[PDB]
Structure formats: structure tokens, C-alpha cells
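Below is one structure, written out as C-alpha cells; the observations come after it.
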Amino acid sequence: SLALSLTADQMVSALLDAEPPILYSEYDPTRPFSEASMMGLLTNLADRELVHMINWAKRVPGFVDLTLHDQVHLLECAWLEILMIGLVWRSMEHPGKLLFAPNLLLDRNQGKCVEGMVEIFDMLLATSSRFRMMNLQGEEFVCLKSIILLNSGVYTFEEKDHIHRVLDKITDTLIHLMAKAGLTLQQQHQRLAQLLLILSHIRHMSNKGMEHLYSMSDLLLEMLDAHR
Amino acid sequence: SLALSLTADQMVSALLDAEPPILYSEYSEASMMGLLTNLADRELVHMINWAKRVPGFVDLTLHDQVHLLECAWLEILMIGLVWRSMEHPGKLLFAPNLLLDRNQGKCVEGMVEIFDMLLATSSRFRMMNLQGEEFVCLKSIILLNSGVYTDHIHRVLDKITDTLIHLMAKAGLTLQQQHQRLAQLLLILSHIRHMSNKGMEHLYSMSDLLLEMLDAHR
Amino acid sequence: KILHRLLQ
Amino acid sequence: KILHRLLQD
Ligand SMILES: O=C(O)CCCCOc1ccc(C2=C(c3ccc(O)cc3)[C@@H]3C[C@@H](S(=O)(=O)Oc4cccc(Cl)c4)[C@H]2O3)cc1
């Protein structure tokens, strides 16, 4: 396992190079503005994002050391969380809007088009506002997204011991980034806590999101099937 | 507010002093759900008094206090249950006279899955040698953080973080061991959030106070 | 709400 | 499983 041998800078550059691209949504002027077309637009978007996410997870240091069964388990538990923190990160520079795609920028008013989605829209907007106030850096974001992948399914399975040591290495990487940014020792621990507490909210948004999803893409049906 | 001006030891002693007591249960799938519902109903009354004594909580308005408790109540019950069960591996100590294993959890439909998650959290706390001073800090964090996204609260969260680090530094942990342990504890809170959400979904699928705490999530 | 009265 | 196959390729 070369994940534990990586330095902090090597861990950051590895995570940055693994980043998936920003995908575009379908732009069909024939489709009407409705709940079915909006959901079809979001479903089609997340469906193509999942293919890139699976390829991204292979490049997360330590992930390929896990058995195939555990890799499947981690992705099933965390896929919506990872889509959400990506959405929240893309929406930082757009206050009051969610950039689902460069050609799909939505505010909370348009989120009312689907029944019950505006509550989750408001939670995603507040999380995006929290990142903007903290001035979340890209190097911190890629660490947080890898933490979600490794942590969200670790207590629902020896293999747990390896994941925990990789998670500690990512913690060392976050501290290295903050100490490199001039923060004091006190500010480092405080910011580390603020970032990790947001992951509790991202988990909350995913669970509330999944709950509405398996009530109303064959790959998504299987990912959605794992949480029920 | 007064909470910001507290020192680390004064913050620790205030939280330990506000600890609610360990209650007993009353001396079938419905028989167990009644026992758990009755126990959680009496614990909520003690939870409200505890929340009043968490530094910084009374500085919030009445509406924001209600919001944080409605969001966090099952999370707070669960981390208390997990803390009580640390010294009883493989078992969940709901009450001193109600100690259950995962097999008994199968008596209620769909509860064994949440039981296994609770047991895994308790084993994790045990293997980390979670201390009482650390536990009360984590429980206060859950109260203030779980509903903050739905600036004073963030200033209090920082103070609790400084208190956690102070406890680890006083125990002899290096700087690296301090921030590593801090991260480990906070990532567990995400699983406690997950367990609460799954527990709530099952609760409004099946007390006068519960109903309103349960209704806030629907 | 019951939580309103208990917090008073 | 689709996720199982994509992780193998
Ligand atoms: O309709 C009404 O009026 C009554 C509604 C209010 C009931 O109120 C309840 C009921 C049960 C609990 C429980 C616990 C608890 C933990 C710590 C503690 O100190 C006290 C209780 C632990 C954790 C939850 S659980 O997630 O496993 O939930 C389920 C349990 C079994 C089956 C299913 Cl489907 C879900 C449960 O066991 C809590 C509150």
C-alpha cells in the first residue's frame, strides 16, 4: 500500500489529478418545464457523473487496497454524499444558486418544481454558503471528498484498520495545508473541526435525499437499492 | 456571552456537572417498543434540563433552542446509549436493568440493523478509550451542530474544540495524535447522524412529547 | 408546543 | 451488479 508512504504534498497532487470533470446537462427545448423533465434532467446528469465517480474512487489512495466487496459497499453508501459535496463546491461562487451544470444554474424558487425538493435545496445552499464564508480551498475539498468515500460506510461492513490509517493520513494532509496557509495551531484545529462537522450535514442531506429517491438508469437503481 | 469567557477546565466541569442521570426501565415486538418508548420519553425531560446547562445554549432564542433539540434529540439519546454500553461489549445498556444483545434486537422488525450500528459505535468508542470528559464535549457538539444549517453557535463550537484539544494535550498526546484523535471522534458523529436518520424514518412509520419531536422530521 | 413550555 | 463490474474493468 503506497498510500501510507505518500507525503502530504504527494497526497494533494494525487487527489487533484484524480478529479472528475464538470459535466453538462441535457438542453432539450422540446421538453416542457415540469417535474418529470426536471427529474429526468437531474437523473441523467447524476447517472453520467457516477461513471466518473467510480473511476475517481479507484485513484483515491488506499481504495484499491480494499477488497472488491468493500469498494462496492463504500460507493453504495457514499455516492449521493459525494455528488452533493461536488454540487456544493461548484456552487460556492454563485450565492443563492446551485450549479448542477455550467448550463444548469438553479435557485430555490426553481427547486419548488419538484415536490419536497426545496427543503434539500435550502440545505445545499446553506452548506455552499458555509464553504464560501470559510473560503474552502480546492486542496481541502479533495481531502474532504476522499474522507466521505472512506468513512461513510466503514461501520456497516482488519479491513477497517487499513481504512482508519489512511483516514489519519488525510487528517495529517489537511493540517499540513492549514499550517502552510499561515494558520496558528489553534486555528488549524478549529478549522479542521469546522470542516469535519459539515460532513455530518452532508450525511443528513444524503439520507433525506435517498429517502425521497426510493419512494418516487439501471446503475442508479442498484445504487438506490442499497439504501433500502 | 459567558460561554466564550470560560476556561477549558471550567467548560469541562460545567458539562460534567450538567450530566443527566441514568434512568431505569419499567420492571413481544410491542412489549419492547413500549419499554423503549417509555424510557426515551422520560429521558427527554432530563435532556431539556441538560441542554439548558450547556454553555451558550440559553443565549439562543426560544425558537432556535426548540429547533436544535428537535433536530438532535435522537442523536443525543443514541450517543448516550453508546457511551453507557462501552464497558459491555456486544450488548446495549439501555438501562441498568435492560441490557440487550443483537439477537434480542431481532424481536422488533428492522431494529437489528440499527442495533448492529449502535454496537459498532460502542466498540469504536471502547477501542479509542473514549474518556468521560471527551464524551460530554461530543454530546454538546451534536446539540449545537445538528440544526445550525437548518455565528454565535460557531463561536461556541470552536470553544468546545479547544476544550477537546486541551484534554488530549493534558493526557500527553503529541500534536499529531491530538488532531488525528479529534478527526476520528468527529467522523463518528457522521455515523451517529446516519443512525438517527434511519431511526427516525422507522419511528414515523410505526407519547405526547415524542410525537411532536417525531413530527418535526416529517 | 410541549417543547416550548418545557424550555421556559 | 453494475457497480461490481465497473470496479473490475
Ligand atoms: O408512535 C409513538 O408514539 C412512539 C414513537 C416514539 C418512540 O420513541 C423511541 C423509540 C425507540 C427508541 C429507541 C432507542 C433508544 C435509544 C436510546 C435511548 O436512551 C432510548 C431509546 C434505540 C434507538 C431507536 S431505533 O432507531 O432502533 O428505532 C427503532 C427501533 C426499533 C424498531 C424500529 Cl423500526 C426503529 C430505538 O432503539 C427511541 C425513541
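List of remarks:
- Counting every C-alpha pair in the stretch B:95-157, the share spaced more than 16 angstrom apart comes to 64%.
- A straight Cα-to-Cα reach below 12 Å connects B:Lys139 with the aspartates and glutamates B:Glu19, B:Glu75, residues fewer than 8 places away in its own chain not being considered.
- For the stretch B:141-206: rounded, prolate or oblate by the Cα gyration tensor [a/c cutoff 1.5]: oblate
- Phi-derived couplings, Karplus 6.51 cos²θ - 1.76 cosθ + 1.60 at θ = phi - 60°, listed residue by residue for the stretch B:126-138: 5, 5, 7, 6, 4, 9, x, 5, 6, 5, 5, 5, 5 Hz, with x used for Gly and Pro.
- Calculated [θ] (222 nm, deg cm²/dmol) that DSSP helices of n ≥ 4 give over chain A, each run adding -39,500 (n - 2.57): -22000 deg cm²/dmol
- Cα centroid separation - the stretch B:1-43 against the stretch A:75-145, whole Å: 35 Å
- Amide proton proximity set for A:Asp107, modelled H, under 5 Å, gap of 5+: A:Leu98
- Taking 1.002 mPa s as the viscosity and 20 °C as the temperature, the Stokes-Einstein diffusion coefficient of chain B based on its alpha-carbon Kirkwood radius rounds to 119 µm²/s.
- Residue-by-residue Karplus 3J(HN,Hα) for the stretch B:163-173, coefficients 6.51, -1.76, 1.60, Hz, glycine and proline x: 5, 5, 5, 4, 5, 6, 5, 5, 7, x, 6
- Rounded FRET efficiency, nearest 0.05, which uses the C-beta distance separating C:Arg5 from B:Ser205 and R0 of 22 Å: 0.20
- Environment charge at A:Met178 (Cβ cut-off 9 Å; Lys +1, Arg +1, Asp -1, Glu -1): +1
Rule-based calculations on the coordinates, nothing more; no lab input. As a convention, Cβ positions derive from the backbone with ideal geometry for all residues, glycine included, and neighbour counts pool all protein chains shown.
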